Amino acid sequence: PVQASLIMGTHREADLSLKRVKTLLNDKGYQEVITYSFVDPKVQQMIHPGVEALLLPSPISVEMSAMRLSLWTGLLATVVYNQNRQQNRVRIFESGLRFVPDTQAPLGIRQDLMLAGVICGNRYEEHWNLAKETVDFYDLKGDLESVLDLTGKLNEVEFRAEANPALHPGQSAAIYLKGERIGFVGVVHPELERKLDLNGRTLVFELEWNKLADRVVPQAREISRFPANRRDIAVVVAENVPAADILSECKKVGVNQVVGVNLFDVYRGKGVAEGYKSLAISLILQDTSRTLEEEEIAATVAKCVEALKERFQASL
Amino acid sequence: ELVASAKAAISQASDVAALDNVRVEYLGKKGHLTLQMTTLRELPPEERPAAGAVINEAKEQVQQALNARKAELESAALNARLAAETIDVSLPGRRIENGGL
Amino acid sequence: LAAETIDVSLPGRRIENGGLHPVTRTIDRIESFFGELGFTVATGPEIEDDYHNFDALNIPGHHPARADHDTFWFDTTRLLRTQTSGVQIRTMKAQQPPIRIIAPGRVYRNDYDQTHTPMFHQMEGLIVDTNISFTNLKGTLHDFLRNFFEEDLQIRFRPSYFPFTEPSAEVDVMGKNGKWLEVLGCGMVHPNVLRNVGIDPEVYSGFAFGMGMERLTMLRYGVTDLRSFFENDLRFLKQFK
Ligand SMILES: C[C@@H](CC1CCCCC1)NCc1ccccc1O
């Protein structure tokens, strides 16, 4: 056996492990796949049109001659492969490098480690107590929020609607963390779904791994021994107002009294004007040193609802 | 003249076609160009194959504009579906919360 | 009072577990084997230059194992790496011994058969210390093979050649059909390799090794076709949950 010194390595509790993330995706119903790093430029140009890729002069074949600009070409070829073998429901992920030509990068090609995946088909397999329902945007977004919550920075994540040629323009979002775009997610555009011979609605995502390989180390904060109070409000705003900005305004404009803001209903129809929606929000209030009474409580939900008057619309 | 004036009134009629009444303009202009084929009942017999080739070239030009308009309408219906399916991407996703150790 | 009796054997309300790729299973086991020995995992880019993939490994431009290497080149300098050596060279240049790293990653070669894919995975190890010997190479890799296959199996060390090691060796496992099966390559780090990364071969020595993850995975779980790993049939992958 080797004789050597028993010296510890340098550890960082703020490191988030990729293997820990793969485990959560497994525990949410995702199967890991590994695909080739060189792909068919005919089909990658359908997913990323106009983006020049690094080509191999002497490839094993033309269908494996373009270094992948993302993981979507490999993942979407994998679901088509499985769907051609009597398996409509596929939920897979992959970690691996992308190769994007970059004059400022070493060797003129930037190689970023990505985490990407795709789901399609029904939410569950056939089940005696679960009904057949096709997967939608909020199913994949829920899984993505579970991944991002491992960093402890989910409060600083934003899903902004943003254009992407591969995605449904009304059901696609860019993912932002502390003002930096870290990935994309959305339903595959129906015409791209047609060209790739996808069986049905298909949802993809991709994340720049190094942007979420860091996590928050916990720091114990004092907990109030005094009870808390809940007040529900129903705010009617414009249909194109993102609900998260309203929730973020209630949490920011509110002082240290309000500790929790949660959305539990979104209504639009008989009762609300066209192009408008009612958002039912629950506000939880509490103080660390004393107990609250109806005077200061109702004055704070009144302060919050008045903040939604100029920036947004009135309540009901 | 006539050879293109009838196609001018044909492509213009299939331009502002709201619904799928493109076939209604197809019906009217197919009868107009079939009637123009009946106008070849005279002329020099050695040039009658040249007359039928110019008329069918005009009919192909009308059929191309009909297909191009049918593609515009079905893409316009697909775009209308895409607009109606817009969702608030900032709404919370479906999941159970993560626990810790 | 009330009798709300239910059949407790009905399937529960859940979503099925996903699994890891079988090659990932293999890489994870090997990382845990050497992690207990103080080996740090190090990764690097898959596109490299001819320096970190050849020259730094004592492979000059006129060397046979270079032009006749089934290598994917983009131009005269940039290539798809045939080994994970770039991270190992950079680590040695950035610190003096002791060095104790393992380097997994994808590598690329032009061949493509039933037992060859143009892309595959390689696990490479490196240790550099004061009195690292060939006896340590044998004992470490003999321990590794006994843990990986979980039996007191027959292995043998066999003379071979690599430009970056001397003495060089390949290790074989006795196949289930009576023939020896090449499993990995290894050797004592060549003094030229230590010299050009700023390590004195008169003071320090070390051994290194390399192995294919697809090969070991096939032998471990009974996979008979290497192409199954990259077809990613959910019925093949679900067996390894
Ligand atoms: C290509 C080398 C690169 C390392 C060798 C010496 C130090 C630099 C990095 N991979 C490890 C290895 C070792 C022996 C035989 C085969 C083998 O694959």
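Before reading on, note that the structure itself is shown above.
Residues numbered from 1 in each chain as written, not as in the entry; some residues may be left out. Chains lettered and ligands numbered in written order. Part of a larger assembly, values for the part shown. Heavy atoms only, no water. Residues with missing side-chain atoms left out of burial classes, pairs and counts.

### Observations concerning the overall build of chain B
In step 1: In terms of regular secondary structure, chain B is built from 3 helices and 0 strands.
In step 2: Secondary structure elements of chain B occur, N-terminal to C-terminal, as α-α-α.
In step 3: On C-alpha atoms alone, chain B measures out to a radius of gyration of 25 Å, which is more than a quarter above the 13 Å that the 2.2 N^0.38 rule sets for 101 residues.
In step 4: Along the longest, intermediate and shortest principal axes, the C-alpha atoms of chain B span 95 × 25 × 20 Å. (Helix = DSSP H or I, 4+ residues; strand = E, 2+ residues; numbered from the N terminus. Rg over C-alpha atoms; globule rule 2.2 N^0.38 Å.)

### Remarks on the interface of chain A and chain B
In step 1: With 33 residues of chain A at the contact, the number on the chain B side is 15 residues.
In step 2: When chain A packs against chain B, the two sides together hide about 2,000 Å² of surface, and 52% of this comes from carbon and sulfur.
In step 3: Viewed at the interface, chain B and chain A are joined by 4 salt bridges.
In step 4: With a closest N to O distance of 3.7 Å, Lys277 of chain A and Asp88 of chain B form a salt bridge.
In step 5: In this structure, the connection of chain A to chain B is made through 15 residue pairs in polar contact.
In step 6: At the level of secondary structure, the elements contributing two or more residues to the side of chain A that touches chain B comprise α4 (137–149), β6 (157–161), β7 (167–177), α5 (190–195), α6 (243–253) and β11 (258–267) of chain A.
In step 7: With 9 residues, α4 of chain A is the largest single contributor of residues to the side of chain A that touches chain B.
In step 8: Taken together, the residues that form the side of chain A that touches chain B break down as 15 nonpolar, 7 polar and 11 charged. (Contact = heavy atoms within 4.5 Å. Buried area = accessible area lost by both parts, 1.4 Å probe. Salt bridge = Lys/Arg side-chain N within 4 Å of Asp/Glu carboxyl O. Polar contact = N/O pair within 3.5 Å; in protein donor to acceptor, adjacent residues only side chain to side chain. Nonpolar A, V, L, I, M, F, W, Y, C, P; charged D, E, K, R; others polar.)

### Some thoughts on the interface of chain A and chain C
In step 1: Contact residues are listed per partner, giving 54 residues for chain A and 51 residues for chain C.
In step 2: Residue assignment for the side of chain A that touches chain C shows that the elements contributing at least two residues are α1 (18–26), β1 (31–32), α3 (72–83), β4 (91–101) and β5 (109–120) of chain A.
In step 3: Among the elements that take part in the side of chain A that touches chain C, β4 of chain A stands out by supplying 7 residues, more than any other.
In step 4: Grouping the constituent residues of the side of chain A that touches chain C by class yields 26 nonpolar, 16 polar and 12 charged.

### Description of the pairing of strand β7 (residues 155–159) of chain C
Regular strands show a simple pattern: their side chains alternate between the two faces of the sheet.
In step 1: Note that β7 of chain C and strand β8 (residues 165–174) of chain C share 5 bridges and pair antiparallel. Residue pairing for β8 of chain C: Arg158 of chain C is matched across the bridge by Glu170 of chain C. (Pairing = 2+ DSSP bridges.)

### With respect to the side chain of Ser37 of chain A
In step 1: Along the chain, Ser37 of chain A falls in the loop between β1 and β2 (38–39).
In step 2: Taking the relative accessible area as the measure of exposure, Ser37 of chain A reaches 0% and is therefore buried.
In step 3: Engagement of the side chain of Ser37 of chain A in a polar contact is seen with the side chain of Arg106 of chain C, the distance being 3.4 Å.
In step 4: Here the side chain of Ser37 of chain A touches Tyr108 of chain C through a polar contact of 2.7 Å, side chain to side chain. (Buried < 20%, exposed > 50% of the residue type's maximum accessible area, 1.4 Å probe, protein only.)

### Quick look at the site of the ligand
Residue and element names in this part refer to chain C.
In step 1: In the vicinity of the ligand lie 14 residues, with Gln83, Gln88, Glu124, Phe164 and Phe209 positioned nearest.
In step 2: Contacts to the ligand include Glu124, whose side-chain N or O atom sits 2.6 Å from a nitrogen atom.
In step 3: Elements that contribute at least two residues to the shell around the ligand include exactly α4 (85–94), β9 (180–189) and β10 (205–212). (Near = heavy atom within 4 Å.)

### Considerations on the packing of helix α5 (residues 134–149) of chain C against helix α7 (residues 213–221) of chain C
Residue and element names in this part refer to chain C.
In step 1: Two elements in contact, α5 and α7, have axes whose closest approach is 10 Å; the angle formed by their N-to-C orientations is 45°. Classified by the angle their axes make, α5 and α7 are oblique. Contacts between α5 and α7 involve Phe144, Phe148 and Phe149 from the former and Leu216, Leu219 and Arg220 from the latter.
In step 2: Across the contact of α5 with α7, the residue classes break down as 5 nonpolar, no polar and 1 charged. (Axes fitted to C-alpha atoms, helices over the stretch in contact; angles between N-to-C directions. Parallel < 35°, antiparallel > 145°, perpendicular 65-115°, else oblique.)

### Digging into the side chain of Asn164 of chain A
In step 1: With respect to the helices and strands, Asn164 of chain A occurs in the loop between β6 and β7.
In step 2: The residues touching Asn164 of chain A, leaving out its near neighbours within four places in the chain, are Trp72 and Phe184 of chain A.

### Regarding the sheet that holds β1 of chain A
Residues and elements named next belong to chain A.
In step 1: With mixed pairing, the 7 strands of this open sheet are ordered in space as β1-β4-β5-β9-β8-β7-β6. Each edge of the open sheet is held by one strand with a lone partner, namely β1 and β6.
In step 2: In terms of strand pairing, strand β8 (residues 180–188) meets strand β9 (residues 202–208) through 5 bridges, oriented antiparallel. Pairing of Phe184 across the sheet is with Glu206, part of β9.

### Observations regarding the nonpolar core
In step 1: With 78 residues, the main nonpolar core has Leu145 and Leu184 of chain C as its most contacted residues.
In step 2: If one sorts the elements of this core by residue count, α5 of chain C sits on top with 6 residues.
In step 3: By size, the runner-up hydrophobic cluster in this structure holds 55 residues, among which are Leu16, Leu148, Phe159 and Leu203 of chain A. (Core = buried A, V, L, I, M, F, W, Y, C linked by side-chain atoms within 4.5 Å.)

### Points about the environment of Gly175 of chain C
In step 1: Secondary-structure assignment places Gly175 of chain C in the loop between β8 and β9.
In step 2: Counting along the chain gives 153 residues from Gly175 of chain C to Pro22 of chain C, while the straight-line C-alpha distance between them is 21 Å.

### Overview of unusual backbone geometry
All names here are of chain C.
In step 1: Here the bond from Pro97 into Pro98 is cis, since omega is 5°, no more than 30 degrees from zero.
In step 2: In this structure, the amide linkage connecting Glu166 to the following residue, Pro167, adopts the cis form with an omega of 0°.
In step 3: Phi is positive for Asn58, which is not a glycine, with a value near 60°.
In step 4: Mapping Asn58 onto the fold places it in the loop between α2 (50–53) and α3 (64–67).
In step 5: In this structure, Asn232 is a non-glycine residue whose phi angle is positive, near 55°.
In step 6: As for its position among the elements, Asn232 is in the loop between α8 (228–231) and α9 (234–237).
In step 7: Judged by relative accessible area, which is 0%, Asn232 ranks as buried.

Geometry only, nothing functional implied.
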